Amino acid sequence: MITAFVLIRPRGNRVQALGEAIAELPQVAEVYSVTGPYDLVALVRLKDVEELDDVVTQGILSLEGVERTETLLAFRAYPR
């Protein structure tokens, strides 16, 4: 069941609201403020890859004050 990490660069004074908003998106398992060149990361479980359309194109990129998105799509798991 497909995993993705969405790296989100918001506007400084949007971080809290954008994090609270993104937590509500059905496919989003976890979301955090992180150190580094991106300010938020969303851990997202998809039933299919088309669902990045719903959670990123629509869920995330349609939110006011998001500047840049980068999706790291997991294609092989290493369990145990």
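Start at 1 and count along the sequence shown; that's the residue number.
- The deposited CA B-factor of residue 22 belongs to the middle third of values across its chain.
- In the deposited entry, the Cα temperature factor of residue 73 places it in the lowest third of its chain's modelled residues.
- Compared with the other modelled residues of the chain, the Cα B-factor recorded for residue 66 ranks in the highest third.
- When the CA B factors of the chain's modelled residues are split into thirds, the value for residue 1 lands in the highest one.
- Annotation for residue 56: CA B-factor lies in the lowest third of the chain's modelled residues.
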